[PDB]
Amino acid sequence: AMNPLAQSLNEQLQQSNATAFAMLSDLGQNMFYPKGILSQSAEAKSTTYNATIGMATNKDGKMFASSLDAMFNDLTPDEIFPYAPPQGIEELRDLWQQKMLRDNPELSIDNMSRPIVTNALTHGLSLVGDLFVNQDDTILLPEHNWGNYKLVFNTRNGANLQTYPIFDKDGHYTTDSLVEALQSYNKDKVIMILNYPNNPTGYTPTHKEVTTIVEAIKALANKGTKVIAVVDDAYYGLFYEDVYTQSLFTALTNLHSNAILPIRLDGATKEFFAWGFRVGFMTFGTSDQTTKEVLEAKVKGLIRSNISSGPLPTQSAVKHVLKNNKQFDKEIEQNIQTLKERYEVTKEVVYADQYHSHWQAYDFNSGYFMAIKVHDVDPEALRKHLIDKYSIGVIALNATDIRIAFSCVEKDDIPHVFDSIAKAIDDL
């Protein structure tokens, strides 16, 4: 019961990129983007009297309530009320690609698809699940990770999560355990999640470390394992030290292996301080035109059959600020500088000699968060005590670790927060 259109797409992808086809889930194979009506509706645009549009319109555009239109500035009614395409507003796709190219000097436009707009990064992850993750596939990811990966990939998609450490005994970042995991990996397919800056540790690797990671992934690919390399760039750009500042997507795409499919998920969510906008992007690392076209068709079908399309007003808002808007650039830079100064205070406080008996920080240099391994006490007992007595909210990640978001603590408040954590530990 596969649609002829899906079969057509599959055959084209098989001829041009058999490994990419082999990576598709069952849903991935069955998906396509329907013609018929869209083509009919498209053909109607050349007519004086277009009676095909499923929206209320009149002589000068869409019908709308002026009272709703009044809640926006700088956007035309056509940038607010109509449907966005399932793939997102085409201009936005262009402008976001331009931004990526600016941020990633070593990335070539020929080596990627045009970014497709998603309902932010979670939707991107869900789309990866739809398109490439079968029940009982394996997700390979650090033991320090975002809890929603499990709900997306295990609970929704039926995959297994296999974890590997990314910090050693002394709380310092290490690639050794990833390399060991890749060397022992015994299946013909893996989906890897790479999230740097990291939630929950706020670590971004050095170029040295990135090289090691991507060379290790290439070695796995060459052993006969197909690698879907999901690059979760939620905190991209929030870099406070001399680290690798391109996306790992670029490093991975520049390997030029047909057995590795890099997928970049990025967006406005944290980069543009726009969490509720729900504007993100999905980009494939491939130089093959057919692959680009078939994957775009399938993603369009996946989006159409899930949410139809994303929010036009917030897509339009993001589109506008991408057009070399120097004021917006400065505002983002200011905001990131605030985070960097908070990071700097956090570094000075967390590594002070007086707290060496209280915790061991995991390396951090980016993002929103850092984590500490609390000594001789339960992180859960510590958390509730901090809420009850000190009026401080922290996250207990696991049996040993606490996460603190310096993203929501003012610079002047940070020493108090950490000193209160140390006192709270000493209490128990």
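Counting begins at 1, following the sequence as shown.
Colleague: Averaging C-alpha B-factors over each stretch, which comes out higher, 249-257 or 87-95?
Modeller: If you average the C-alpha B-factors of 249-257 and of 87-95, the larger mean comes out for 249-257.
Colleague: Mean C-alpha B factor from the entry: is it higher for 201-209 or for 300-308?
Modeller: Higher mean C-alpha B-factor in the PDB entry: 201-209.
Colleague: So if I compare the CA B-factors in the entry for 368, 49, 33, 362, which one is the largest?
Modeller: Out of 368, 49, 33, 362, the record gives the largest C-alpha B-factor to 49.
Colleague: Sorting the chain's modelled residues by C-alpha B-factor, tell me whether residue 267 ends up in the lowest, middle or highest third.
Modeller: Lowest third, going by the recorded CA B-factors of the chain.
Colleague: Where does the C-alpha B-factor of residue 355 rank in its chain, lowest, middle or highest third?
Modeller: Residue 355: CA B-factor falls in the highest third of its chain.
Colleague: Can you work out whether the C-alpha temperature factor of residue 189 puts it in the lowest, middle or highest third of the chain?
Modeller: Residue 189: CA B-factor falls in the middle third of its chain.
Colleague: According to the PDB entry, is the CA B factor of residue 372 in the bottom, middle or top third of its chain, that is, lowest, middle or highest?
Modeller: It belongs to the middle third of the chain when residues are ordered by C-alpha B-factor.
Colleague: What third of the chain, by the recorded C-alpha B-factor, contains residue 325?
Modeller: Answer is middle: the recorded C-alpha B-factor places it there.
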